[PDB]
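Enquirer: Provided herewith: work31.csv, CSV, C-alpha atoms and all ligand atoms.
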chain,number,residue,atom,x,y,z
A,10,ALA,CA,0.0,0.0,0.0
A,11,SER,CA,1.5,3.3,1.2
A,12,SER,CA,5.2,3.8,0.5
A,13,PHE,CA,5.4,6.0,3.7
A,14,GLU,CA,3.3,6.7,6.8
A,15,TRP,CA,2.5,10.2,5.4
A,16,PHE,CA,2.1,11.7,2.0
A,17,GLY,CA,0.5,15.1,1.4
A,18,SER,CA,0.8,18.8,1.0
A,19,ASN,CA,1.4,22.2,2.5
A,20,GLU,CA,-1.7,24.4,2.5
A,21,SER,CA,-0.6,28.1,2.3
A,22,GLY,CA,-2.4,31.4,2.7
A,23,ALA,CA,-2.5,32.3,6.4
A,24,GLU,CA,1.2,33.3,6.1
A,25,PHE,CA,0.9,35.4,3.0
A,26,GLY,CA,1.7,39.2,3.0
A,27,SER,CA,3.9,39.0,6.1
A,28,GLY,CA,4.8,42.6,5.5
A,29,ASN,CA,1.3,43.5,6.8
A,30,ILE,CA,0.9,42.7,10.5
A,31,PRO,CA,-1.8,42.0,11.7
A,32,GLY,CA,-3.0,42.6,8.1
A,33,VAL,CA,-6.5,42.0,6.8
A,34,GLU,CA,-8.0,38.7,5.9
A,35,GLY,CA,-9.0,38.5,2.2
A,36,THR,CA,-6.5,41.3,1.5
A,37,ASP,CA,-3.1,40.3,2.9
A,38,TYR,CA,-3.7,36.6,3.8
A,39,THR,CA,-6.4,34.0,3.5
A,40,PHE,CA,-7.1,30.7,5.0
A,41,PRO,CA,-6.9,27.5,3.0
A,42,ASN,CA,-10.0,26.2,1.1
A,43,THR,CA,-11.4,23.0,2.7
A,44,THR,CA,-13.1,22.0,-0.5
A,45,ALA,CA,-9.7,21.8,-2.3
A,46,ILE,CA,-8.2,20.1,0.7
A,47,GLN,CA,-11.0,17.5,0.4
A,48,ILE,CA,-10.1,17.0,-3.2
A,49,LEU,CA,-6.5,16.2,-2.1
A,50,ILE,CA,-7.9,13.9,0.6
A,51,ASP,CA,-10.0,12.0,-1.9
A,52,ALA,CA,-6.9,11.6,-4.1
A,53,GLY,CA,-5.3,9.9,-1.1
A,54,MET,CA,-3.3,12.5,0.7
A,55,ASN,CA,-3.3,12.0,4.5
A,56,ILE,CA,-1.1,14.9,5.9
A,57,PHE,CA,-1.4,18.7,5.4
A,58,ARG,CA,1.0,21.3,6.8
A,59,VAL,CA,-0.7,24.6,7.5
A,60,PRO,CA,1.6,27.7,7.8
A,61,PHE,CA,0.6,30.7,9.9
A,62,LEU,CA,2.4,33.8,11.3
A,63,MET,CA,3.2,33.9,15.1
A,64,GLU,CA,2.6,37.6,15.1
A,65,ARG,CA,-1.0,37.2,13.8
A,66,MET,CA,-1.6,34.2,16.1
A,67,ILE,CA,-0.3,35.8,19.4
A,68,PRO,CA,0.2,39.5,18.8
A,69,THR,CA,2.5,42.0,20.5
A,70,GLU,CA,4.3,39.6,22.8
A,71,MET,CA,4.5,35.9,22.2
A,72,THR,CA,3.6,35.4,25.9
A,73,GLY,CA,0.2,37.0,25.3
A,74,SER,CA,-3.3,35.7,24.4
A,75,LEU,CA,-4.5,34.4,21.1
A,76,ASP,CA,-6.1,36.6,18.4
A,77,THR,CA,-9.7,35.2,18.4
A,78,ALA,CA,-10.4,35.8,14.7
A,79,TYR,CA,-7.0,34.4,13.5
A,80,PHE,CA,-7.1,31.4,15.7
A,81,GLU,CA,-10.7,30.7,14.8
A,82,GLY,CA,-10.1,30.8,11.0
A,83,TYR,CA,-6.9,28.8,11.4
A,84,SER,CA,-8.3,26.1,13.7
A,85,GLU,CA,-11.3,25.7,11.4
A,86,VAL,CA,-8.8,24.4,8.8
A,87,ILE,CA,-6.9,22.3,11.3
A,88,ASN,CA,-10.2,20.7,12.7
A,89,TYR,CA,-11.5,20.1,9.1
A,90,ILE,CA,-8.3,18.2,8.3
A,91,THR,CA,-8.2,16.1,11.5
A,92,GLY,CA,-12.0,15.6,11.4
A,93,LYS,CA,-11.6,13.8,8.1
A,94,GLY,CA,-9.0,11.5,9.7
A,95,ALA,CA,-5.8,13.1,8.3
A,96,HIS,CA,-2.9,14.7,10.2
A,97,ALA,CA,-2.7,18.5,10.4
A,98,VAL,CA,0.7,20.1,10.9
A,99,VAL,CA,0.6,23.4,12.8
A,100,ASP,CA,3.4,25.4,11.2
A,101,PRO,CA,4.6,28.7,12.7
A,102,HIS,CA,6.0,30.0,9.5
A,103,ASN,CA,8.4,32.4,11.1
A,104,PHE,CA,12.1,31.4,10.3
A,105,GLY,CA,13.0,31.5,13.9
A,106,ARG,CA,12.1,35.3,14.1
A,107,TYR,CA,9.4,37.3,15.8
A,108,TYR,CA,8.6,40.8,14.4
A,109,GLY,CA,11.8,40.3,12.4
A,110,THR,CA,14.2,39.7,15.3
A,111,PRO,CA,15.7,36.2,15.9
A,112,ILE,CA,14.0,34.6,18.9
A,113,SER,CA,16.4,34.7,21.9
A,114,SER,CA,14.4,33.7,25.0
A,115,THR,CA,13.3,30.1,25.4
A,116,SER,CA,10.8,31.1,28.0
A,117,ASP,CA,8.7,33.3,25.7
A,118,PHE,CA,8.9,30.7,23.0
A,119,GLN,CA,7.8,27.9,25.4
A,120,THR,CA,4.9,30.1,26.7
A,121,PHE,CA,3.9,30.7,23.1
A,122,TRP,CA,3.9,27.0,22.5
A,123,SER,CA,1.9,26.2,25.7
A,124,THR,CA,-0.7,28.8,24.7
A,125,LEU,CA,-1.0,27.4,21.2
A,126,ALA,CA,-0.8,23.7,22.0
A,127,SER,CA,-3.4,23.9,24.9
A,128,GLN,CA,-5.9,24.6,22.2
A,129,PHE,CA,-5.2,21.2,20.4
A,130,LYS,CA,-4.0,19.1,23.3
A,131,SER,CA,-6.7,16.4,23.1
A,132,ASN,CA,-6.5,16.1,19.3
A,133,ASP,CA,-4.3,13.1,18.5
A,134,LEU,CA,-4.0,14.0,14.8
A,135,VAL,CA,-2.5,17.4,15.2
A,136,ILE,CA,1.3,17.6,14.6
A,137,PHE,CA,3.2,20.5,16.1
A,138,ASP,CA,6.0,22.1,14.0
A,139,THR,CA,8.4,24.1,16.2
A,140,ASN,CA,9.2,26.7,13.6
A,141,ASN,CA,9.6,26.9,9.8
A,142,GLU,CA,13.2,27.0,8.6
A,143,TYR,CA,15.4,28.5,11.3
A,144,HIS,CA,18.3,30.3,9.6
A,145,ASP,CA,21.3,32.5,10.3
A,146,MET,CA,21.1,32.0,14.1
A,147,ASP,CA,23.3,30.4,16.7
A,148,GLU,CA,23.0,26.6,16.3
A,149,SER,CA,22.9,26.1,20.0
A,150,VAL,CA,20.1,28.6,20.2
A,151,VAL,CA,18.2,26.8,17.4
A,152,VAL,CA,18.5,23.6,19.4
A,153,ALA,CA,17.4,25.4,22.6
A,154,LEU,CA,14.3,26.8,20.8
A,155,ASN,CA,13.3,23.3,19.6
A,156,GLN,CA,13.7,22.0,23.1
A,157,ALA,CA,11.6,24.9,24.6
A,158,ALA,CA,8.9,24.2,22.0
A,159,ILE,CA,8.8,20.5,23.0
A,160,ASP,CA,8.7,21.4,26.7
A,161,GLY,CA,5.9,24.0,26.3
A,162,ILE,CA,3.9,21.6,24.2
A,163,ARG,CA,4.1,18.6,26.6
A,164,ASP,CA,3.5,20.9,29.6
A,165,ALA,CA,0.4,22.2,28.0
A,166,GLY,CA,-1.0,18.7,28.2
A,167,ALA,CA,-0.4,17.8,24.6
A,168,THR,CA,1.5,14.6,25.0
A,169,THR,CA,0.1,12.3,22.3
A,170,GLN,CA,0.9,14.4,19.3
A,171,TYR,CA,4.1,14.1,17.2
A,172,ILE,CA,6.4,17.1,17.2
A,173,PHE,CA,8.2,18.1,14.0
A,174,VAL,CA,11.5,19.8,14.8
A,175,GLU,CA,13.4,21.9,12.3
A,176,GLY,CA,17.1,22.7,12.0
A,177,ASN,CA,19.2,25.8,11.1
A,178,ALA,CA,20.1,26.6,7.5
A,179,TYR,CA,16.5,26.3,6.4
A,180,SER,CA,16.4,22.7,7.6
A,181,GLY,CA,17.8,21.5,4.3
A,182,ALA,CA,18.4,17.8,3.9
A,183,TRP,CA,21.4,18.3,1.5
A,184,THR,CA,23.2,20.3,4.2
A,185,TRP,CA,22.0,18.6,7.4
A,186,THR,CA,25.3,17.0,8.4
A,187,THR,CA,27.0,20.3,7.6
A,188,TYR,CA,24.9,22.5,9.9
A,189,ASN,CA,22.6,20.5,12.2
A,190,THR,CA,24.6,17.6,13.7
A,191,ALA,CA,23.9,19.2,17.1
A,192,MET,CA,20.1,18.5,16.7
A,193,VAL,CA,20.6,15.0,18.1
A,194,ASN,CA,20.2,16.1,21.7
A,195,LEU,CA,16.5,16.8,21.6
A,196,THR,CA,14.4,15.0,24.2
A,197,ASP,CA,10.7,14.3,24.4
A,198,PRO,CA,8.9,12.6,27.4
A,199,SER,CA,6.3,11.3,24.9
A,200,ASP,CA,9.2,10.3,22.7
A,201,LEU,CA,7.6,11.5,19.4
A,202,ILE,CA,10.3,13.6,17.8
A,203,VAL,CA,10.5,13.6,14.0
A,204,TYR,CA,13.3,15.6,12.2
A,205,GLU,CA,11.5,17.6,9.5
A,206,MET,CA,13.9,18.5,6.7
A,207,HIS,CA,13.2,20.4,3.4
A,208,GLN,CA,14.7,19.7,0.0
A,209,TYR,CA,14.5,21.6,-3.3
A,210,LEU,CA,16.3,20.5,-6.5
A,211,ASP,CA,17.6,23.7,-8.0
A,212,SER,CA,21.2,25.2,-7.9
A,213,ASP,CA,20.8,26.9,-4.5
A,214,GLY,CA,18.3,24.4,-3.0
A,215,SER,CA,15.8,27.2,-2.4
A,216,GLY,CA,13.4,26.2,-5.1
A,217,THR,CA,13.1,29.7,-6.6
A,218,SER,CA,14.0,28.2,-9.9
A,219,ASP,CA,11.7,25.6,-11.6
A,220,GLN,CA,14.9,24.1,-13.1
A,221,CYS,CA,16.6,21.0,-11.5
A,222,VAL,CA,20.4,20.7,-11.7
A,223,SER,CA,20.1,17.0,-12.9
A,224,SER,CA,17.7,14.1,-12.9
A,225,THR,CA,19.6,12.5,-10.0
A,226,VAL,CA,20.2,15.4,-7.7
A,227,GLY,CA,17.2,14.7,-5.5
A,228,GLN,CA,18.6,11.3,-4.7
A,229,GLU,CA,22.1,12.6,-4.1
A,230,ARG,CA,20.9,15.4,-1.8
A,231,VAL,CA,19.2,13.0,0.7
A,232,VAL,CA,21.8,10.2,1.2
A,233,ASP,CA,23.8,11.9,4.0
A,234,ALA,CA,20.6,13.0,5.8
A,235,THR,CA,19.3,9.4,5.6
A,236,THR,CA,22.5,7.8,7.0
A,237,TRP,CA,22.4,10.5,9.7
A,238,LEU,CA,18.9,9.4,10.7
A,239,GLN,CA,19.8,5.7,10.7
A,240,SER,CA,23.1,6.1,12.6
A,241,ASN,CA,21.6,8.2,15.3
A,242,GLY,CA,18.4,6.2,15.4
A,243,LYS,CA,16.1,9.2,14.5
A,244,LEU,CA,13.0,9.6,12.4
A,245,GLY,CA,12.5,12.1,9.6
A,246,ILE,CA,9.9,13.6,7.4
A,247,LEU,CA,10.5,15.6,4.2
A,248,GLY,CA,8.1,18.4,5.1
A,249,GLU,CA,8.7,20.5,2.0
A,250,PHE,CA,9.8,19.5,-1.5
A,251,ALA,CA,8.9,20.4,-5.1
A,252,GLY,CA,10.2,20.6,-8.6
A,253,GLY,CA,9.4,22.3,-11.8
A,254,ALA,CA,6.9,20.9,-14.3
A,255,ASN,CA,9.5,19.5,-16.7
A,256,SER,CA,10.9,16.1,-17.4
A,257,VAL,CA,14.3,16.4,-15.7
A,258,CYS,CA,12.6,17.6,-12.5
A,259,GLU,CA,9.9,15.0,-12.6
A,260,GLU,CA,12.6,12.3,-12.9
A,261,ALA,CA,14.6,13.8,-10.0
A,262,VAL,CA,11.5,13.9,-7.7
A,263,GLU,CA,10.8,10.3,-8.7
A,264,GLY,CA,14.3,9.1,-7.8
A,265,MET,CA,14.4,11.0,-4.5
A,266,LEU,CA,11.1,9.6,-3.4
A,267,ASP,CA,12.1,6.1,-4.5
A,268,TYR,CA,15.3,6.3,-2.3
A,269,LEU,CA,13.3,7.7,0.6
A,270,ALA,CA,10.8,4.9,0.3
A,271,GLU,CA,13.6,2.4,0.3
A,272,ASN,CA,14.6,3.9,3.6
A,273,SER,CA,11.1,4.2,5.1
A,274,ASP,CA,12.4,2.8,8.4
A,275,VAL,CA,13.6,6.3,9.1
A,276,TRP,CA,11.7,8.4,6.5
A,277,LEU,CA,8.1,8.7,7.7
A,278,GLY,CA,6.8,10.5,4.6
A,279,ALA,CA,6.7,13.7,2.6
A,280,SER,CA,4.6,16.8,1.8
A,281,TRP,CA,4.7,18.9,-1.3
A,282,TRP,CA,5.2,22.7,-1.4
A,283,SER,CA,2.6,24.0,-1.9
A,284,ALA,CA,-1.2,24.0,-2.2
A,285,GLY,CA,-3.7,26.7,-1.3
A,286,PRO,CA,-6.1,29.2,-3.0
A,287,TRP,CA,-3.7,32.1,-3.6
A,288,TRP,CA,-1.0,30.3,-5.7
A,289,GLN,CA,-2.6,31.1,-9.1
A,290,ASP,CA,0.3,30.7,-11.6
A,291,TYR,CA,2.8,29.6,-9.0
A,292,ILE,CA,5.5,27.2,-10.4
A,293,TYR,CA,4.6,24.6,-7.8
A,294,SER,CA,0.9,25.0,-7.2
A,295,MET,CA,-0.7,21.7,-6.0
A,296,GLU,CA,-4.1,23.4,-5.7
A,297,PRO,CA,-6.8,21.6,-7.7
A,298,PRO,CA,-8.2,21.6,-10.2
A,299,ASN,CA,-5.8,23.7,-12.4
A,300,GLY,CA,-2.5,24.1,-10.4
A,301,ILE,CA,0.6,23.4,-12.4
A,302,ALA,CA,2.0,20.9,-10.0
A,303,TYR,CA,-1.4,19.4,-9.5
A,304,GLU,CA,-1.8,18.8,-13.2
A,305,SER,CA,1.8,17.6,-13.8
A,306,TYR,CA,2.8,15.8,-10.5
A,307,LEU,CA,-0.4,14.3,-9.0
A,308,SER,CA,-0.1,11.2,-11.2
A,309,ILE,CA,3.5,10.7,-10.0
A,310,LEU,CA,2.9,11.4,-6.4
A,311,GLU,CA,-0.2,9.2,-6.1
A,312,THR,CA,2.0,6.1,-6.7
A,313,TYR,CA,3.3,6.5,-3.2
A,314,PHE,CA,0.0,7.2,-1.4
B,401,LIG,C1,-12.5,26.2,-3.1
B,401,LIG,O1,-12.3,25.1,-3.9
B,401,LIG,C2,-13.4,24.8,-4.8
B,401,LIG,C3,-13.2,23.4,-5.5
B,401,LIG,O2,-12.1,23.6,-6.4
B,401,LIG,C4,-13.6,25.9,-5.8
B,401,LIG,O3,-14.7,25.6,-6.6
B,401,LIG,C5,-14.5,25.3,-8.0
B,401,LIG,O4,-14.1,26.5,-8.7
B,401,LIG,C6,-13.7,26.3,-10.0
B,401,LIG,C7,-13.3,27.6,-10.7
B,401,LIG,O5,-14.3,28.6,-10.5
B,401,LIG,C8,-14.7,25.5,-10.9
B,401,LIG,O6,-14.0,25.2,-12.1
B,401,LIG,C9,-14.6,24.9,-13.4
B,401,LIG,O7,-15.1,23.6,-13.6
B,401,LIG,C10,-15.8,23.3,-14.8
B,401,LIG,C11,-15.9,21.8,-15.0
B,401,LIG,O8,-16.5,21.1,-13.9
B,401,LIG,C12,-15.0,23.8,-16.0
B,401,LIG,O9,-16.0,23.8,-17.1
B,401,LIG,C13,-14.4,25.1,-15.9
B,401,LIG,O10,-13.5,25.3,-17.0
B,401,LIG,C14,-13.7,25.2,-14.6
B,401,LIG,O11,-12.6,24.2,-14.6
B,401,LIG,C15,-15.1,24.2,-10.2
B,401,LIG,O12,-16.2,23.6,-10.9
B,401,LIG,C16,-15.6,24.6,-8.8
B,401,LIG,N1,-16.0,23.4,-8.0
B,401,LIG,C17,-17.1,23.4,-7.2
B,401,LIG,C18,-17.4,22.1,-6.6
B,401,LIG,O13,-17.7,24.4,-7.0
B,401,LIG,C19,-13.9,27.2,-5.0
B,401,LIG,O14,-14.1,28.3,-5.8
B,401,LIG,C20,-12.8,27.5,-4.0
B,401,LIG,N2,-13.2,28.6,-3.1
B,401,LIG,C21,-12.3,29.4,-2.6
B,401,LIG,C22,-11.0,29.5,-3.3
B,401,LIG,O15,-12.4,30.0,-1.5
What would you get if you wrote out this structure as structure tokens?
Ligand SMILES: *[C@@H]1O[C@H](CO)[C@@H](O[C@@H]2O[C@H](CO)[C@@H](O[C@@H]3O[C@H](CO)[C@@H](O)[C@H](O)[C@@H]3O)[C@H](O)[C@H]2NC(C)=O)[C@H](O)[C@H]1NC(C)=O
Expert:
Amino acid sequence: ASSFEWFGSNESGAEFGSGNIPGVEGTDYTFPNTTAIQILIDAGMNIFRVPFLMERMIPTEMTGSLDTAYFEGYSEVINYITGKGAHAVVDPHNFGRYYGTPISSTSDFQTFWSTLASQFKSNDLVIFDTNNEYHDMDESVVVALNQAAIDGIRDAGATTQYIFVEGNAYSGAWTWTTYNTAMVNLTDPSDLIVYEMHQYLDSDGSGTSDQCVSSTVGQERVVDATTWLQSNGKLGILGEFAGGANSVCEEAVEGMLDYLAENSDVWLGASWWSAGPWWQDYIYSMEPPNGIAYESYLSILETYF
């Protein structure tokens, strides 16, 4: 049946227009469309990562209360996903920063995470994602923020959910051993840590180009991260990946997913970047019915569902 435990998609919109905080719904940001989500569920996708902004969720100070409108619109999406039996990944899409400044106190972060997790604590299908793509920060501080997220989450009473932790250097697979070897030390009472890495297939590994450097680069860029997972006895999920709608990229995505599936003892699954209702013309749009990656990649991806 399934090549992995999890295969699915990011659902973007709540994190758009981050230059506008709080911003206005329908103008600067939107929430994902549950009808399109249901289309992806019917196709067989069982995990959806949902980005949002920390500043819109808990304004002013991350130790404060939740914004009612933003939490309501967001958790409507989360509860739609889990109500259908799929996993919903709660993604603070904040790059380790809060109002632009790198986060530097584990207490405020932990209190943020208690406040947020308390709202989902009895939902076994929610997955908490500590922060999207830490980058250009002190590695020991990145580790400490992942640990503070774990601590705040479990202390909120949310002990049955998986926790996706993310590394420095944009949590890239192809650079994991270069930058995030120190991520081993993370501890969870529930023992439900999964190392979420991201991988794109263009020259700089950012994905801003819809060109892939070769038809085998996807496979090459995940070998070291795989052996790192095995050697240290860790689990991982490729929480973001994508490729341009051309043959070389399609073959690279195929080979990378074949390799990861061969090592499904440590690789728990994958999610495409990205779906959602405001991607019209995006090079990687998984949004049905007419997204480019939905038209060109769905038939490839559904092999692994
Ligand atoms: C949320 O997602 C739903 C489901 O995709 C959106 O509804 C759909 O909107 C599209 C575009 O307006 C409709 O597309 C058309 O379909 C017919 C063929 O059936 C085709 O002749 C046209 O060329 C075009 O492809 C689609 O039928 C429609 N589906 C349903 C069930 O209404 C909806 O607009 C989205 N709402 C948002 C973004 O908030």
Enquirer: Would you mind telling me which residue in A:49, A:154, A:165, A:247 lies nearest to residue A:140 when using all atoms listed in the file?
Expert: A:154
Enquirer: Residues at most 8 Å from stretch 176-186 of chain A, counting all atoms listed in the file, excluding those fewer than 3 positions away in the same chain, as a list in words?
Expert: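 The residues satisfying every condition are residues 104, 141, 142, 143, 144, 145, 146, 148, 151, 152, 189, 190, 192, 205, 206, 207, 208, 214, 230, 231, 233, 234 and 237 of chain A.
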Enquirer: Step by step, measure atom-to-atom distances between ligand LIG 401 (chain B) and each residue using all atoms listed in the file, keep those at most 7 Å, then write them as a list in words.
Expert: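 Every residue with an atom at most 7 Å from ligand LIG 401 (chain B) is listed here: residues 42, 43, 44, 45, 286, 297 and 298 of chain A.
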Enquirer: By how many Å are atom CA of residue A:92 and atom CA of residue A:58 apart?
Expert: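 Atom CA of residue A:58 lies 14.9 Å from atom CA of residue A:92.
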Enquirer: Which residue out of A:48, A:238, A:112, A:99 has the minimum interatomic distance to residue A:70 when only C-alpha atoms are used?
Expert: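 Nearest candidate to residue A:70 out of A:48, A:238, A:112, A:99: A:112.
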Enquirer: Interatomic distance between atom CA of residue A:80 and atom CA of residue A:100?
Expert: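 Separation between atom CA of residue A:80 and atom CA of residue A:100: 12.9 Å.
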Enquirer: Measuring between all atoms listed in the file, which one of A:46, A:295, A:71, A:279 shows the shortest distance to residue A:90?
Expert: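 The answer is A:46, which sits nearest to residue A:90.
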Enquirer: What is the distance between atom CA of residue A:135 and atom CA of residue A:158, in Å to one decimal?
Expert: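 Atom-to-atom, atom CA of residue A:135 to atom CA of residue A:158, that is 14.9 Å.
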Enquirer: With all atoms listed in the file as the basis for distance, which of A:41, A:60, A:278, A:53 is at the shortest distance from residue A:24?
Expert: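 Of A:41, A:60, A:278, A:53, the one nearest residue A:24 is A:60, counting all atoms listed in the file.
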Enquirer: Determine the nearest neighbour of residue A:243 from the options A:223, A:11, A:194, A:47, counting only C-alpha atoms.
Expert: A:194
Enquirer: Excluding residue A:281 and residues on its chain fewer than 3 positions from it, collect all residues at most 10 Å away from it, counting only C-alpha atoms, and give them as number ranges by chain.
Expert: A: 16-20, 57-58, 207, 247-252, 284, 293-295, 302, 306, 310
Enquirer: Would you pick out the contacts of residue A:134 at 8 Å or less, using all atoms listed in the file, so that residues sharing its chain but fewer than 6 positions from it are not included, and give the list as number ranges by chain?
Expert: A: 91, 94-97, 170
Enquirer: Taking (1.5, 6.8, -4.5) in the file's coordinates as the center, which residues reach within 12 Å of it, counting only C-alpha atoms, put as a list in words?
Expert: residues 10, 11, 12, 13, 14, 15, 16, 17, 52, 53, 54, 55, 263, 266, 267, 270, 278, 279, 306, 307, 308, 309, 310, 311, 312, 313 and 314 of chain A
Enquirer: Have a look at A:227, A:167, A:116, A:287 and name the one nearest to residue A:37; count all atoms listed in the file.
Expert: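 For residue A:37, the nearest of the given residues is A:287.
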Enquirer: Give me, as a PDB file with C-alpha atoms, keeping the file's coordinate frame, all polymer residues having an atom no more than 8 Å from residue A:174, counting only C-alpha atoms and skipping those fewer than 5 positions away in the same chain.
Expert:
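Generated output (result31.pdb):
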ATOM      1  CA  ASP A 138       6.000  22.100  14.000  1.00  0.00           C
ATOM      2  CA  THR A 139       8.400  24.100  16.200  1.00  0.00           C
ATOM      3  CA  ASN A 140       9.200  26.700  13.600  1.00  0.00           C
ATOM      4  CA  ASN A 155      13.300  23.300  19.600  1.00  0.00           C
ATOM      5  CA  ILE A 202      10.300  13.600  17.800  1.00  0.00           C
ATOM      6  CA  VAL A 203      10.500  13.600  14.000  1.00  0.00           C
ATOM      7  CA  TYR A 204      13.300  15.600  12.200  1.00  0.00           C
ATOM      8  CA  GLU A 205      11.500  17.600   9.500  1.00  0.00           C
TER       9      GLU A 205
END
Enquirer: Report as a PyMOL selection string all protein, DNA and RNA residues lying within 9 Å of stretch 119-126 of chain A, evaluated on only C-alpha atoms, omitting residues in the same chain fewer than 2 positions from it.
Expert: chain A and resi 63+66-67+70-75+114-117+128-130+137+139+154+156-167
Enquirer: Please complete stretch 223-237 of chain A with N, CA, C and O atoms and give it back as a compact mmCIF listing (two decimals), in the coordinates of the input.
Expert:
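The new file result_33.txt reads:
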# COMPACT_ATOMS: atom_id res chain seq x y z
N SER A 223 20.01 18.29 -12.14
CA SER A 223 20.10 17.00 -12.90
C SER A 223 18.98 16.13 -12.48
O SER A 223 18.25 16.41 -11.53
N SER A 224 18.82 15.04 -13.22
CA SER A 224 17.70 14.10 -12.90
C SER A 224 18.07 13.17 -11.77
O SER A 224 17.22 12.35 -11.41
N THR A 225 19.25 13.28 -11.17
CA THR A 225 19.60 12.50 -10.00
C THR A 225 19.90 13.29 -8.76
O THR A 225 20.27 12.71 -7.73
N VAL A 226 19.76 14.62 -8.82
CA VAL A 226 20.20 15.40 -7.70
C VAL A 226 19.33 15.23 -6.48
O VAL A 226 19.82 15.31 -5.34
N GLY A 227 18.04 14.96 -6.68
CA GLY A 227 17.20 14.70 -5.50
C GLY A 227 17.67 13.53 -4.71
O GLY A 227 17.75 13.62 -3.48
N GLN A 228 18.04 12.44 -5.37
CA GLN A 228 18.60 11.30 -4.70
C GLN A 228 19.90 11.62 -3.97
O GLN A 228 20.11 11.26 -2.81
N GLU A 229 20.80 12.32 -4.68
CA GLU A 229 22.10 12.60 -4.10
C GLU A 229 21.97 13.50 -2.85
O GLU A 229 22.68 13.29 -1.86
N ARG A 230 21.02 14.44 -2.85
CA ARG A 230 20.90 15.40 -1.80
C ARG A 230 20.26 14.86 -0.50
O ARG A 230 20.16 15.60 0.49
N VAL A 231 19.85 13.59 -0.45
CA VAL A 231 19.20 13.00 0.70
C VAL A 231 19.98 11.85 1.34
O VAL A 231 19.61 11.37 2.42
N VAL A 232 21.05 11.40 0.69
CA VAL A 232 21.80 10.20 1.20
C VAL A 232 22.36 10.53 2.58
O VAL A 232 22.10 9.77 3.53
N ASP A 233 23.12 11.61 2.73
CA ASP A 233 23.80 11.90 4.00
C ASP A 233 22.75 12.12 5.11
O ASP A 233 22.98 11.69 6.25
N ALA A 234 21.64 12.80 4.82
CA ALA A 234 20.60 13.00 5.80
C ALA A 234 19.99 11.63 6.23
O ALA A 234 19.67 11.42 7.41
N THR A 235 19.84 10.72 5.27
CA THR A 235 19.30 9.40 5.60
C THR A 235 20.25 8.63 6.52
O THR A 235 19.82 8.13 7.57
N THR A 236 21.54 8.54 6.15
CA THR A 236 22.50 7.80 7.00
C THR A 236 22.61 8.53 8.38
O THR A 236 22.89 7.87 9.38
N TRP A 237 22.39 9.85 8.43
CA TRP A 237 22.40 10.50 9.70
C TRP A 237 21.20 10.07 10.57
O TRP A 237 21.34 9.87 11.78
